[PDB]
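Shown next: entry27.txt, given as compact mmCIF, N, CA and C atoms.
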# COMPACT_ATOMS: atom_id res chain seq x y z
N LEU A 1 -28.08 -12.31 87.99
CA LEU A 1 -27.50 -12.36 86.65
C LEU A 1 -28.37 -11.59 85.66
N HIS A 2 -27.81 -11.27 84.50
CA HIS A 2 -28.67 -10.68 83.46
C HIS A 2 -28.33 -11.22 82.08
N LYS A 3 -29.34 -11.20 81.21
CA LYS A 3 -29.14 -11.56 79.81
C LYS A 3 -28.59 -10.37 79.03
N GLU A 4 -27.78 -10.61 78.01
CA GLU A 4 -27.33 -9.53 77.15
C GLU A 4 -27.42 -9.99 75.69
N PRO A 5 -27.54 -9.09 74.75
CA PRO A 5 -27.76 -9.56 73.37
C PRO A 5 -26.46 -10.07 72.76
N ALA A 6 -26.57 -10.97 71.79
CA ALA A 6 -25.44 -11.42 71.01
C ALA A 6 -25.96 -11.82 69.63
N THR A 7 -25.06 -11.97 68.68
CA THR A 7 -25.47 -12.36 67.33
C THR A 7 -24.73 -13.61 66.92
N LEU A 8 -25.48 -14.58 66.40
CA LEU A 8 -24.83 -15.83 66.02
C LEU A 8 -23.78 -15.61 64.95
N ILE A 9 -22.60 -16.23 65.11
CA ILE A 9 -21.71 -16.26 63.96
C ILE A 9 -21.71 -17.67 63.37
N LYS A 10 -21.47 -18.65 64.24
CA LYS A 10 -21.39 -20.02 63.76
C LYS A 10 -21.63 -21.01 64.88
N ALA A 11 -22.46 -22.04 64.67
CA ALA A 11 -22.48 -23.12 65.66
C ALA A 11 -21.32 -24.06 65.36
N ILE A 12 -20.50 -24.38 66.35
CA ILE A 12 -19.32 -25.21 66.09
C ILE A 12 -19.54 -26.67 66.47
N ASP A 13 -20.15 -26.92 67.62
CA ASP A 13 -20.42 -28.27 68.09
C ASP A 13 -21.64 -28.22 69.01
N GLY A 14 -22.00 -29.36 69.57
CA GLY A 14 -23.10 -29.36 70.54
C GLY A 14 -22.90 -28.35 71.64
N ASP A 15 -21.67 -28.15 72.12
CA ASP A 15 -21.51 -27.29 73.29
C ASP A 15 -20.66 -26.05 72.99
N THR A 16 -20.39 -25.73 71.75
CA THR A 16 -19.61 -24.52 71.41
C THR A 16 -20.34 -23.73 70.34
N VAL A 17 -20.48 -22.43 70.61
CA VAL A 17 -21.05 -21.55 69.58
C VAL A 17 -20.18 -20.28 69.52
N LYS A 18 -19.91 -19.85 68.30
CA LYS A 18 -19.23 -18.58 68.07
C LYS A 18 -20.26 -17.48 67.92
N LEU A 19 -20.09 -16.42 68.71
CA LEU A 19 -21.01 -15.30 68.77
C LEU A 19 -20.27 -13.96 68.64
N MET A 20 -20.99 -12.97 68.14
CA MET A 20 -20.63 -11.57 68.21
C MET A 20 -21.21 -11.01 69.50
N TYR A 21 -20.31 -10.71 70.42
CA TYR A 21 -20.69 -10.20 71.73
C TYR A 21 -20.08 -8.82 71.96
N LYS A 22 -20.90 -7.79 72.14
CA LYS A 22 -20.40 -6.43 72.33
C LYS A 22 -19.42 -6.07 71.22
N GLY A 23 -19.87 -6.30 69.99
CA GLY A 23 -19.14 -6.04 68.79
C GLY A 23 -17.88 -6.84 68.60
N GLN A 24 -17.65 -7.89 69.39
CA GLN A 24 -16.44 -8.69 69.19
C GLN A 24 -16.81 -10.15 68.94
N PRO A 25 -16.09 -10.82 68.05
CA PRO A 25 -16.36 -12.25 67.84
C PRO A 25 -15.73 -13.03 68.98
N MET A 26 -16.43 -14.03 69.49
CA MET A 26 -15.94 -14.78 70.65
C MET A 26 -16.49 -16.20 70.56
N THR A 27 -15.72 -17.16 71.01
CA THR A 27 -16.17 -18.54 71.13
C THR A 27 -16.79 -18.76 72.51
N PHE A 28 -18.00 -19.30 72.58
CA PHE A 28 -18.66 -19.54 73.86
C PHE A 28 -18.71 -21.02 74.14
N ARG A 29 -18.36 -21.45 75.34
CA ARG A 29 -18.61 -22.83 75.77
C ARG A 29 -19.88 -22.81 76.62
N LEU A 30 -20.86 -23.68 76.36
CA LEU A 30 -22.08 -23.69 77.17
C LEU A 30 -21.77 -24.13 78.61
N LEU A 31 -22.07 -23.32 79.63
CA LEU A 31 -21.88 -23.74 81.02
C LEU A 31 -22.70 -24.97 81.41
N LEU A 32 -22.12 -25.83 82.22
CA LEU A 32 -22.68 -26.87 83.03
C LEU A 32 -23.10 -28.08 82.22
N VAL A 33 -22.75 -28.13 80.94
CA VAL A 33 -23.17 -29.33 80.21
C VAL A 33 -22.02 -29.97 79.48
N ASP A 34 -22.01 -31.29 79.42
CA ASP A 34 -21.13 -31.99 78.51
C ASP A 34 -21.92 -32.67 77.41
N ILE A 35 -21.62 -32.35 76.17
CA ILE A 35 -22.30 -33.01 75.05
C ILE A 35 -21.35 -33.99 74.39
N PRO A 36 -21.88 -35.05 73.80
CA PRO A 36 -21.03 -35.94 72.99
C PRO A 36 -20.41 -35.08 71.90
N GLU A 37 -19.15 -35.29 71.56
CA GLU A 37 -18.51 -34.42 70.57
C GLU A 37 -18.33 -35.07 69.20
N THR A 38 -18.22 -34.24 68.17
CA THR A 38 -17.95 -34.63 66.81
C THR A 38 -16.45 -34.47 66.52
N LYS A 39 -15.83 -33.62 67.32
CA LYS A 39 -14.44 -33.23 67.12
C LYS A 39 -13.56 -33.66 68.29
N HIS A 40 -12.69 -34.62 68.02
CA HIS A 40 -11.64 -35.07 68.90
C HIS A 40 -11.08 -36.43 68.45
N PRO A 41 -9.87 -36.39 67.92
CA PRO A 41 -9.16 -37.55 67.37
C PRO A 41 -9.15 -38.73 68.34
N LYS A 42 -9.18 -38.42 69.63
CA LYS A 42 -9.31 -39.38 70.69
C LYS A 42 -10.38 -40.42 70.36
N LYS A 43 -11.56 -39.94 69.97
CA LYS A 43 -12.68 -40.84 69.73
C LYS A 43 -13.37 -40.56 68.40
N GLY A 44 -12.99 -39.45 67.80
CA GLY A 44 -13.59 -38.85 66.63
C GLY A 44 -14.98 -38.29 66.97
N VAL A 45 -15.96 -38.88 66.31
CA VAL A 45 -17.38 -38.58 66.41
C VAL A 45 -18.08 -39.53 67.38
N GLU A 46 -18.25 -39.09 68.62
CA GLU A 46 -18.96 -39.90 69.59
C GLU A 46 -20.44 -40.08 69.26
N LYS A 47 -21.05 -41.14 69.79
CA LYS A 47 -22.47 -41.40 69.59
C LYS A 47 -23.35 -40.29 70.16
N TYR A 48 -24.28 -39.77 69.36
CA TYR A 48 -25.16 -38.67 69.69
C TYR A 48 -24.46 -37.32 69.50
N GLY A 49 -23.19 -37.32 69.12
CA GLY A 49 -22.45 -36.11 68.78
C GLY A 49 -23.08 -35.38 67.60
N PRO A 50 -23.28 -36.01 66.45
CA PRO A 50 -23.93 -35.32 65.34
C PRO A 50 -25.32 -34.80 65.71
N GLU A 51 -26.04 -35.57 66.50
CA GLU A 51 -27.38 -35.18 66.92
C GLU A 51 -27.35 -33.95 67.82
N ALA A 52 -26.46 -33.98 68.81
CA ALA A 52 -26.34 -32.85 69.74
C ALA A 52 -25.88 -31.61 68.98
N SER A 53 -24.92 -31.82 68.08
CA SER A 53 -24.46 -30.68 67.30
C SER A 53 -25.57 -30.12 66.41
N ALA A 54 -26.42 -30.98 65.85
CA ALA A 54 -27.46 -30.48 64.94
C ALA A 54 -28.55 -29.76 65.73
N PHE A 55 -28.80 -30.30 66.93
CA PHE A 55 -29.80 -29.73 67.83
C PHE A 55 -29.43 -28.29 68.18
N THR A 56 -28.23 -28.07 68.71
CA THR A 56 -27.78 -26.71 69.05
C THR A 56 -27.80 -25.79 67.85
N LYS A 57 -27.34 -26.31 66.71
CA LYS A 57 -27.26 -25.55 65.48
C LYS A 57 -28.62 -25.03 65.03
N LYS A 58 -29.58 -25.96 65.01
CA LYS A 58 -30.93 -25.57 64.58
C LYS A 58 -31.53 -24.53 65.49
N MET A 59 -31.31 -24.77 66.79
CA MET A 59 -31.92 -23.87 67.79
C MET A 59 -31.39 -22.47 67.71
N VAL A 60 -30.06 -22.34 67.54
CA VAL A 60 -29.61 -20.94 67.42
C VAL A 60 -29.78 -20.34 66.04
N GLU A 61 -29.76 -21.13 64.96
CA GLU A 61 -29.85 -20.50 63.64
C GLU A 61 -31.26 -20.00 63.35
N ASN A 62 -32.24 -20.64 63.96
CA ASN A 62 -33.64 -20.34 63.72
C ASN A 62 -34.21 -19.40 64.77
N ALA A 63 -33.37 -18.90 65.67
CA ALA A 63 -33.87 -18.00 66.71
C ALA A 63 -34.18 -16.59 66.22
N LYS A 64 -35.21 -15.99 66.82
CA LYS A 64 -35.45 -14.57 66.56
C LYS A 64 -34.36 -13.75 67.26
N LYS A 65 -33.98 -14.21 68.46
CA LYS A 65 -32.92 -13.48 69.17
C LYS A 65 -32.11 -14.45 70.02
N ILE A 66 -30.86 -14.10 70.24
CA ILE A 66 -29.91 -14.89 71.03
C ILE A 66 -29.44 -14.02 72.20
N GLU A 67 -29.47 -14.57 73.40
CA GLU A 67 -28.99 -13.81 74.56
C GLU A 67 -27.96 -14.66 75.31
N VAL A 68 -26.98 -13.98 75.89
CA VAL A 68 -25.97 -14.68 76.68
C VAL A 68 -26.15 -14.24 78.13
N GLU A 69 -25.87 -15.16 79.03
CA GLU A 69 -26.01 -14.92 80.46
C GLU A 69 -24.78 -15.51 81.15
N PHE A 70 -23.89 -14.64 81.62
CA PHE A 70 -22.71 -15.07 82.37
C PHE A 70 -23.11 -15.47 83.79
N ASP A 71 -22.33 -16.33 84.42
CA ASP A 71 -22.62 -16.74 85.79
C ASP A 71 -21.91 -15.80 86.79
N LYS A 72 -21.83 -16.13 88.06
CA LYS A 72 -21.24 -15.26 89.08
C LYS A 72 -19.73 -15.35 89.16
N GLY A 73 -19.09 -16.30 88.49
CA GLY A 73 -17.66 -16.52 88.61
C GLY A 73 -16.87 -16.07 87.40
N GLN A 74 -15.82 -16.81 87.11
CA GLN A 74 -14.96 -16.63 85.95
C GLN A 74 -15.80 -16.59 84.67
N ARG A 75 -15.60 -15.64 83.80
CA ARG A 75 -16.42 -15.55 82.59
C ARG A 75 -15.71 -16.12 81.37
N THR A 76 -14.46 -16.54 81.55
CA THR A 76 -13.71 -17.16 80.43
C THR A 76 -12.99 -18.39 80.93
N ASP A 77 -12.77 -19.44 80.15
CA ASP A 77 -11.96 -20.56 80.64
C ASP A 77 -10.51 -20.38 80.15
N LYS A 78 -9.72 -21.43 80.38
CA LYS A 78 -8.29 -21.35 80.08
C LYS A 78 -8.01 -21.33 78.58
N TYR A 79 -8.98 -21.63 77.73
CA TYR A 79 -8.83 -21.53 76.27
C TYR A 79 -9.38 -20.22 75.76
N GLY A 80 -9.80 -19.35 76.69
CA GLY A 80 -10.24 -18.04 76.19
C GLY A 80 -11.70 -18.04 75.72
N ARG A 81 -12.41 -19.13 75.98
CA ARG A 81 -13.83 -19.18 75.61
C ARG A 81 -14.74 -18.62 76.68
N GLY A 82 -15.75 -17.87 76.27
CA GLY A 82 -16.70 -17.37 77.25
C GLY A 82 -17.49 -18.53 77.84
N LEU A 83 -17.83 -18.36 79.11
CA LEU A 83 -18.55 -19.36 79.88
C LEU A 83 -19.94 -18.84 80.20
N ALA A 84 -20.98 -19.38 79.54
CA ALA A 84 -22.28 -18.72 79.69
C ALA A 84 -23.46 -19.67 79.44
N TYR A 85 -24.61 -19.25 79.91
CA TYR A 85 -25.89 -19.87 79.55
C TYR A 85 -26.37 -19.15 78.28
N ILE A 86 -26.71 -19.91 77.24
CA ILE A 86 -27.15 -19.29 76.00
C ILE A 86 -28.66 -19.46 75.80
N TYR A 87 -29.37 -18.39 75.46
CA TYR A 87 -30.82 -18.45 75.29
C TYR A 87 -31.18 -18.12 73.84
N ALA A 88 -32.07 -18.92 73.27
CA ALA A 88 -32.62 -18.77 71.94
C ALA A 88 -34.11 -18.48 72.12
N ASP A 89 -34.58 -17.31 71.71
CA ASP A 89 -35.97 -16.93 71.95
C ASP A 89 -36.40 -17.17 73.38
N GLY A 90 -35.53 -16.87 74.36
CA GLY A 90 -36.02 -17.03 75.73
C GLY A 90 -35.81 -18.43 76.25
N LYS A 91 -35.45 -19.41 75.42
CA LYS A 91 -35.28 -20.76 75.95
C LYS A 91 -33.80 -21.10 76.14
N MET A 92 -33.42 -21.59 77.33
CA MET A 92 -32.00 -21.89 77.53
C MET A 92 -31.52 -23.07 76.71
N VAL A 93 -30.54 -22.87 75.83
CA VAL A 93 -30.02 -23.98 75.02
C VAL A 93 -29.41 -25.05 75.89
N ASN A 94 -28.68 -24.65 76.95
CA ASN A 94 -28.06 -25.66 77.82
C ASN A 94 -29.07 -26.63 78.41
N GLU A 95 -30.19 -26.09 78.91
CA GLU A 95 -31.25 -26.94 79.48
C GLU A 95 -31.91 -27.79 78.40
N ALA A 96 -32.17 -27.23 77.22
CA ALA A 96 -32.90 -27.98 76.17
C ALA A 96 -32.09 -29.20 75.79
N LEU A 97 -30.76 -29.03 75.73
CA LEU A 97 -29.94 -30.21 75.39
C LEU A 97 -30.07 -31.30 76.45
N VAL A 98 -30.10 -30.89 77.72
CA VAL A 98 -30.08 -31.87 78.80
C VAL A 98 -31.47 -32.50 78.87
N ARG A 99 -32.48 -31.65 78.63
CA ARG A 99 -33.86 -32.16 78.71
C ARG A 99 -34.09 -33.23 77.65
N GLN A 100 -33.46 -33.11 76.49
CA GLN A 100 -33.61 -34.11 75.44
C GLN A 100 -32.66 -35.30 75.52
N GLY A 101 -31.86 -35.43 76.57
CA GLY A 101 -30.89 -36.50 76.66
C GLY A 101 -29.77 -36.40 75.65
N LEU A 102 -29.44 -35.19 75.19
CA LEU A 102 -28.33 -34.97 74.28
C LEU A 102 -27.11 -34.38 74.98
N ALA A 103 -27.16 -34.30 76.30
CA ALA A 103 -26.07 -33.78 77.13
C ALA A 103 -26.26 -34.26 78.56
N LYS A 104 -25.16 -34.37 79.28
CA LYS A 104 -25.14 -34.68 80.70
C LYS A 104 -24.77 -33.42 81.47
N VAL A 105 -25.15 -33.28 82.73
CA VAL A 105 -24.71 -32.14 83.54
C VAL A 105 -23.23 -32.33 83.88
N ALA A 106 -22.39 -31.37 83.54
CA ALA A 106 -20.95 -31.36 83.72
C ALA A 106 -20.54 -31.43 85.18
N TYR A 107 -19.26 -31.64 85.44
CA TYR A 107 -18.72 -31.45 86.80
C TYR A 107 -18.84 -29.96 87.11
N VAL A 108 -19.35 -29.62 88.28
CA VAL A 108 -19.69 -28.22 88.56
C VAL A 108 -18.58 -27.51 89.33
N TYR A 109 -18.28 -26.28 88.96
CA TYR A 109 -17.29 -25.42 89.60
C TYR A 109 -17.92 -24.19 90.23
N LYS A 110 -18.10 -24.20 91.55
CA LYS A 110 -18.62 -22.97 92.18
C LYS A 110 -17.57 -21.88 91.96
N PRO A 111 -17.99 -20.63 91.85
CA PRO A 111 -19.39 -20.26 91.97
C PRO A 111 -20.14 -20.26 90.64
N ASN A 112 -19.67 -20.98 89.64
CA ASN A 112 -20.41 -20.94 88.37
C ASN A 112 -21.43 -22.08 88.35
N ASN A 113 -22.44 -21.97 89.19
CA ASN A 113 -23.32 -23.10 89.40
C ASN A 113 -24.77 -22.67 89.66
N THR A 114 -25.10 -21.45 89.33
CA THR A 114 -26.43 -20.88 89.54
C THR A 114 -27.58 -21.70 88.98
N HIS A 115 -27.51 -22.26 87.78
CA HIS A 115 -28.63 -23.05 87.26
C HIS A 115 -28.41 -24.53 87.45
N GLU A 116 -27.52 -24.95 88.35
CA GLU A 116 -27.22 -26.36 88.51
C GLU A 116 -28.41 -27.26 88.87
N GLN A 117 -29.24 -26.91 89.82
CA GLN A 117 -30.38 -27.73 90.24
C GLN A 117 -31.44 -27.89 89.16
N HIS A 118 -31.71 -26.78 88.48
CA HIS A 118 -32.64 -26.74 87.35
C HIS A 118 -32.18 -27.71 86.28
N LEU A 119 -30.92 -27.60 85.83
CA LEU A 119 -30.40 -28.59 84.90
C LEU A 119 -30.47 -30.01 85.42
N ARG A 120 -30.13 -30.22 86.70
CA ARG A 120 -30.11 -31.61 87.18
C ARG A 120 -31.52 -32.22 87.21
N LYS A 121 -32.52 -31.37 87.38
CA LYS A 121 -33.92 -31.79 87.36
C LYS A 121 -34.27 -32.24 85.95
N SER A 122 -33.86 -31.43 84.97
CA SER A 122 -34.09 -31.81 83.58
C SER A 122 -33.35 -33.08 83.22
N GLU A 123 -32.14 -33.23 83.77
CA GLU A 123 -31.40 -34.45 83.47
C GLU A 123 -32.12 -35.69 84.02
N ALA A 124 -32.66 -35.59 85.22
CA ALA A 124 -33.34 -36.74 85.83
C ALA A 124 -34.56 -37.16 85.00
N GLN A 125 -35.28 -36.17 84.51
CA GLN A 125 -36.45 -36.39 83.62
C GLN A 125 -36.06 -37.07 82.33
N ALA A 126 -34.99 -36.59 81.67
CA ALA A 126 -34.53 -37.24 80.45
C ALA A 126 -34.12 -38.67 80.72
N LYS A 127 -33.47 -38.91 81.87
CA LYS A 127 -33.08 -40.27 82.20
C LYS A 127 -34.30 -41.15 82.46
N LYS A 128 -35.23 -40.58 83.22
CA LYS A 128 -36.51 -41.23 83.50
C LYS A 128 -37.22 -41.60 82.21
N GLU A 129 -37.20 -40.71 81.23
CA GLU A 129 -37.81 -40.95 79.92
C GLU A 129 -36.94 -41.78 78.99
N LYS A 130 -35.75 -42.15 79.44
CA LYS A 130 -34.75 -42.89 78.70
C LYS A 130 -34.46 -42.32 77.32
N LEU A 131 -34.17 -41.02 77.27
CA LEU A 131 -34.01 -40.34 75.99
C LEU A 131 -32.56 -40.36 75.51
N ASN A 132 -32.36 -40.72 74.26
CA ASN A 132 -31.11 -40.61 73.53
C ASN A 132 -29.97 -41.20 74.32
N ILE A 133 -29.13 -40.36 74.91
CA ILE A 133 -27.97 -40.82 75.68
C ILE A 133 -28.39 -41.78 76.77
N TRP A 134 -29.62 -41.62 77.26
CA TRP A 134 -30.09 -42.52 78.30
C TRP A 134 -30.89 -43.69 77.74
N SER A 135 -31.03 -43.83 76.43
CA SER A 135 -31.88 -44.92 75.91
C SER A 135 -31.16 -46.26 75.98

Just give me the structure of the file as structure tokens.
Amino acid sequence: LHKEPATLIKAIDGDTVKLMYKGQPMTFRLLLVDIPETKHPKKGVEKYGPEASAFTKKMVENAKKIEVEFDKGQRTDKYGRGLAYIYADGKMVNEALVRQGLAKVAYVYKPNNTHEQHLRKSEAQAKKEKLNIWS
């Protein structure tokens, strides 16, 4: 895989960020993670949703640079959102959320599963530390 540059447009939720990618605006869904959401009439604002959303927001707004990394499979989902690992100054946002207990590792769809073990390791540590969602 490779990283490519992108420019932040807007953080939307814990697991959605709008980016300028190759001169086009696009909505990105973070691969392999489920975050509590702020948006969904079903439940409204889930617990840790505001926290997860603020965490992602701070991390990308304060970055020197943002990079996107597509996986080996489908690069868009059925809603037209890009499917990618997002990096802020070299640090993967998807992993940072899971490491802090602000996200769980999603149901995995091969072949979009390249960083799955790495994330699951971070998830086990957050659970071990009983952080946030695991507290």

Mind listing as a PyMOL selection string all residues within 12 Å of (-27.4, -18.1, 79.5), counting only C-alpha atoms? chain A and resi 1-6+28-32+66-72+75+82-96+112-115

Spatial sel., origin (-14.7, -30.8, 68.5), limit 9 Å, only C-alpha atoms, listed as JSON, numbers by chain: {"A": [12, 13, 14, 16, 37, 38, 39, 40, 41, 44, 45]}

Minimum-distance residue to residue A:80, chosen among A:111, A:103, A:126, A:26 (using only N, CA and C atoms): A:26

Per DSSP on the backbone, what are the alpha helix (DSSP H) residues of stretch 5-132 of chain A, as a PDB file with N, CA and C atoms, keeping the file's coordinate frame?
ATOM      1  N   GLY A  49     -23.190 -37.320  69.120  1.00  0.00           N
ATOM      2  CA  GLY A  49     -22.450 -36.110  68.780  1.00  0.00           C
ATOM      3  C   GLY A  49     -23.080 -35.380  67.600  1.00  0.00           C
ATOM      4  N   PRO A  50     -23.280 -36.010  66.450  1.00  0.00           N
ATOM      5  CA  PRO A  50     -23.930 -35.320  65.340  1.00  0.00           C
ATOM      6  C   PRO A  50     -25.320 -34.800  65.710  1.00  0.00           C
ATOM      7  N   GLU A  51     -26.040 -35.570  66.500  1.00  0.00           N
ATOM      8  CA  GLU A  51     -27.380 -35.180  66.920  1.00  0.00           C
ATOM      9  C   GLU A  51     -27.350 -33.950  67.820  1.00  0.00           C
ATOM     10  N   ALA A  52     -26.460 -33.980  68.810  1.00  0.00           N
ATOM     11  CA  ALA A  52     -26.340 -32.850  69.740  1.00  0.00           C
ATOM     12  C   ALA A  52     -25.880 -31.610  68.980  1.00  0.00           C
ATOM     13  N   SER A  53     -24.920 -31.820  68.080  1.00  0.00           N
ATOM     14  CA  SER A  53     -24.460 -30.680  67.300  1.00  0.00           C
ATOM     15  C   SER A  53     -25.570 -30.120  66.410  1.00  0.00           C
ATOM     16  N   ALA A  54     -26.420 -30.980  65.850  1.00  0.00           N
ATOM     17  CA  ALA A  54     -27.460 -30.480  64.940  1.00  0.00           C
ATOM     18  C   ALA A  54     -28.550 -29.760  65.730  1.00  0.00           C
ATOM     19  N   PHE A  55     -28.800 -30.300  66.930  1.00  0.00           N
ATOM     20  CA  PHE A  55     -29.800 -29.730  67.830  1.00  0.00           C
ATOM     21  C   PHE A  55     -29.430 -28.290  68.180  1.00  0.00           C
ATOM     22  N   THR A  56     -28.230 -28.070  68.710  1.00  0.00           N
ATOM     23  CA  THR A  56     -27.780 -26.710  69.050  1.00  0.00           C
ATOM     24  C   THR A  56     -27.800 -25.790  67.850  1.00  0.00           C
ATOM     25  N   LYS A  57     -27.340 -26.310  66.710  1.00  0.00           N
ATOM     26  CA  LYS A  57     -27.260 -25.550  65.480  1.00  0.00           C
ATOM     27  C   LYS A  57     -28.620 -25.030  65.030  1.00  0.00           C
ATOM     28  N   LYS A  58     -29.580 -25.960  65.010  1.00  0.00           N
ATOM     29  CA  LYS A  58     -30.930 -25.570  64.580  1.00  0.00           C
ATOM     30  C   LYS A  58     -31.530 -24.530  65.490  1.00  0.00           C
ATOM     31  N   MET A  59     -31.310 -24.770  66.790  1.00  0.00           N
ATOM     32  CA  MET A  59     -31.920 -23.870  67.790  1.00  0.00           C
ATOM     33  C   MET A  59     -31.390 -22.470  67.710  1.00  0.00           C
ATOM     34  N   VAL A  60     -30.060 -22.340  67.540  1.00  0.00           N
ATOM     35  CA  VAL A  60     -29.610 -20.940  67.420  1.00  0.00           C
ATOM     36  C   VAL A  60     -29.780 -20.340  66.040  1.00  0.00           C
ATOM     37  N   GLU A  61     -29.760 -21.130  64.960  1.00  0.00           N
ATOM     38  CA  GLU A  61     -29.850 -20.500  63.640  1.00  0.00           C
ATOM     39  C   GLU A  61     -31.260 -20.000  63.350  1.00  0.00           C
ATOM     40  N   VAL A  93     -30.540 -22.870  75.830  1.00  0.00           N
ATOM     41  CA  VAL A  93     -30.020 -23.980  75.020  1.00  0.00           C
ATOM     42  C   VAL A  93     -29.410 -25.050  75.890  1.00  0.00           C
ATOM     43  N   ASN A  94     -28.680 -24.650  76.950  1.00  0.00           N
ATOM     44  CA  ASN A  94     -28.060 -25.660  77.820  1.00  0.00           C
ATOM     45  C   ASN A  94     -29.070 -26.630  78.410  1.00  0.00           C
ATOM     46  N   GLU A  95     -30.190 -26.090  78.910  1.00  0.00           N
ATOM     47  CA  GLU A  95     -31.250 -26.940  79.480  1.00  0.00           C
ATOM     48  C   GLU A  95     -31.910 -27.790  78.400  1.00  0.00           C
ATOM     49  N   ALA A  96     -32.170 -27.230  77.220  1.00  0.00           N
ATOM     50  CA  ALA A  96     -32.900 -27.980  76.170  1.00  0.00           C
ATOM     51  C   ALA A  96     -32.090 -29.200  75.790  1.00  0.00           C
ATOM     52  N   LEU A  97     -30.760 -29.030  75.730  1.00  0.00           N
ATOM     53  CA  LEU A  97     -29.940 -30.210  75.390  1.00  0.00           C
ATOM     54  C   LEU A  97     -30.070 -31.300  76.450  1.00  0.00           C
ATOM     55  N   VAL A  98     -30.100 -30.890  77.720  1.00  0.00           N
ATOM     56  CA  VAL A  98     -30.080 -31.870  78.800  1.00  0.00           C
ATOM     57  C   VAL A  98     -31.470 -32.500  78.870  1.00  0.00           C
ATOM     58  N   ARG A  99     -32.480 -31.650  78.630  1.00  0.00           N
ATOM     59  CA  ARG A  99     -33.860 -32.160  78.710  1.00  0.00           C
ATOM     60  C   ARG A  99     -34.090 -33.230  77.650  1.00  0.00           C
ATOM     61  N   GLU A 116     -27.520 -24.950  88.350  1.00  0.00           N
ATOM     62  CA  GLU A 116     -27.220 -26.360  88.510  1.00  0.00           C
ATOM     63  C   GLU A 116     -28.410 -27.260  88.870  1.00  0.00           C
ATOM     64  N   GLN A 117     -29.240 -26.910  89.820  1.00  0.00           N
ATOM     65  CA  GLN A 117     -30.380 -27.730  90.240  1.00  0.00           C
ATOM     66  C   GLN A 117     -31.440 -27.890  89.160  1.00  0.00           C
ATOM     67  N   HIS A 118     -31.710 -26.780  88.480  1.00  0.00           N
ATOM     68  CA  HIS A 118     -32.640 -26.740  87.350  1.00  0.00           C
ATOM     69  C   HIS A 118     -32.180 -27.710  86.280  1.00  0.00           C
ATOM     70  N   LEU A 119     -30.920 -27.600  85.830  1.00  0.00           N
ATOM     71  CA  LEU A 119     -30.400 -28.590  84.900  1.00  0.00           C
ATOM     72  C   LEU A 119     -30.470 -30.010  85.420  1.00  0.00           C
ATOM     73  N   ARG A 120     -30.130 -30.220  86.700  1.00  0.00           N
ATOM     74  CA  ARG A 120     -30.110 -31.610  87.180  1.00  0.00           C
ATOM     75  C   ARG A 120     -31.520 -32.220  87.210  1.00  0.00           C
ATOM     76  N   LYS A 121     -32.520 -31.370  87.380  1.00  0.00           N
ATOM     77  CA  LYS A 121     -33.920 -31.790  87.360  1.00  0.00           C
ATOM     78  C   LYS A 121     -34.270 -32.240  85.950  1.00  0.00           C
ATOM     79  N   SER A 122     -33.860 -31.430  84.970  1.00  0.00           N
ATOM     80  CA  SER A 122     -34.090 -31.810  83.580  1.00  0.00           C
ATOM     81  C   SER A 122     -33.350 -33.080  83.220  1.00  0.00           C
ATOM     82  N   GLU A 123     -32.140 -33.230  83.770  1.00  0.00           N
ATOM     83  CA  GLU A 123     -31.400 -34.450  83.470  1.00  0.00           C
ATOM     84  C   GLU A 123     -32.120 -35.690  84.020  1.00  0.00           C
ATOM     85  N   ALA A 124     -32.660 -35.590  85.220  1.00  0.00           N
ATOM     86  CA  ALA A 124     -33.340 -36.740  85.830  1.00  0.00           C
ATOM     87  C   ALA A 124     -34.560 -37.160  85.000  1.00  0.00           C
ATOM     88  N   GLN A 125     -35.280 -36.170  84.510  1.00  0.00           N
ATOM     89  CA  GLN A 125     -36.450 -36.390  83.620  1.00  0.00           C
ATOM     90  C   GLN A 125     -36.060 -37.070  82.330  1.00  0.00           C
ATOM     91  N   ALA A 126     -34.990 -36.590  81.670  1.00  0.00           N
ATOM     92  CA  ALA A 126     -34.530 -37.240  80.450  1.00  0.00           C
ATOM     93  C   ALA A 126     -34.120 -38.670  80.720  1.00  0.00           C
ATOM     94  N   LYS A 127     -33.470 -38.910  81.870  1.00  0.00           N
ATOM     95  CA  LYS A 127     -33.080 -40.270  82.200  1.00  0.00           C
ATOM     96  C   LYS A 127     -34.300 -41.150  82.460  1.00  0.00           C
ATOM     97  N   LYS A 128     -35.230 -40.580  83.220  1.00  0.00           N
ATOM     98  CA  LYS A 128     -36.510 -41.230  83.500  1.00  0.00           C
ATOM     99  C   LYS A 128     -37.220 -41.600  82.210  1.00  0.00           C
TER     100      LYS A 128
END

With all atoms listed in the file as the counted atoms, please give the residues lying no more than 7 Å from residue A:36, apart from itself and same-chain residues fewer than 5 positions off, as a list in words. residues 14, 45, 46, 47, 48, 49, 50, 52, 53, 102, 103 and 104 of chain A

For atom CA of residue A:99 and atom N of residue A:130, the interatomic separation in Å (one decimal): 10.2 Å

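Interatomic distance, atom CA of residue A:25 to atom CA of residue A:51: 25.5 Å.
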